[PDB]
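Okay, so here's the structure we're looking at.
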Amino acid sequence: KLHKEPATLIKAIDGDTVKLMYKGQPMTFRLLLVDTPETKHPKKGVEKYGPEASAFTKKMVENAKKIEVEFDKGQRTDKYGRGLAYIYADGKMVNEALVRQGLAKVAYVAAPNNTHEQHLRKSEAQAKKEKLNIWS
């Protein structure tokens, strides 16, 4: 079973990436299961809705009283050394919030790191239905 652990915000980097202090050490975290338009995209640079997704994530983590990270069942860091987790701000999952607002698409998922896949696909279906941002 998955469980939440405390962390402290250092700095928000992009819509899909945030730097946190986890267990007394600075780390860069990549949000699990979501794909957001980017401001620092290697080839494309600043994509459409990139500034929007980036501002949303920043506001959510900066205004929170408690930040918690929830690792999935598989590997905990990717090839770039970024932690892979579901991030919660005062009990609300940031990953789901972005998808629900049409500021992110559910990424090409791959087990075992796919516990909340169905939950996120449902939120994406609702965002499409409502024609929000990305889907407008």
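Position one of the sequence shown corresponds to residue 6 (PDB author numbering), numbered consecutively onward.
For every residue, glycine included, the Cβ atom is placed at its ideal position computed from N, Cα and C.
Rounded to whole angstroms, how far is the Cβ of residue i from the Cβ of residue j, which I believe are closer than 8 Å?
i	j	result
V39	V104	6 Å
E43	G79	Incorrect: roughly 24 Å between the Cβ atoms, too far for contact.
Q131	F61	No, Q131 and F61 are not in contact; Cβ-Cβ is about 17 Å, not under 8 Å.
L137	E101	With 8 Å as the limit, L137 and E101 do not qualify as a contact, their Cβ atoms being about 14 Å apart.
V99	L7	Not really, about 16 Å apart at Cβ, beyond 8 Å.
Taking buried to mean at least 16 other C-beta atoms within 10 Å of its own C-beta, is residue i buried or exposed?
i	result
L25	buried
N68	exposed
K53	exposed
Assuming residue i is part of the beta strand (DSSP E), what are its boundary residues?
i	result
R81	Counting along the chain, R81 falls outside any beta strand (DSSP E), and DSSP gives it neither H nor E.
So with Cβ pairs under 7 Å, would you call residue i a contact of chain C?
i	result
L14	The question asks about chain C, but that chain is absent: this structure has only one protein chain.
If you reduce the DSSP assignment to three classes, tell me which class residue i lands in.
i	result
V111	strand
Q131	helix
Counting only the same chain and skipping the five closest in sequence on each side, list residues whose C-beta sits under 7 Å from that of residue i.
i	result
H121	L38, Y91
Since residue i is in the alpha helix (DSSP H), which residue starts that stretch and which ends it?
i	result
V51	From DSSP, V51 is part of no alpha helix (DSSP H); its letter is neither H nor E.
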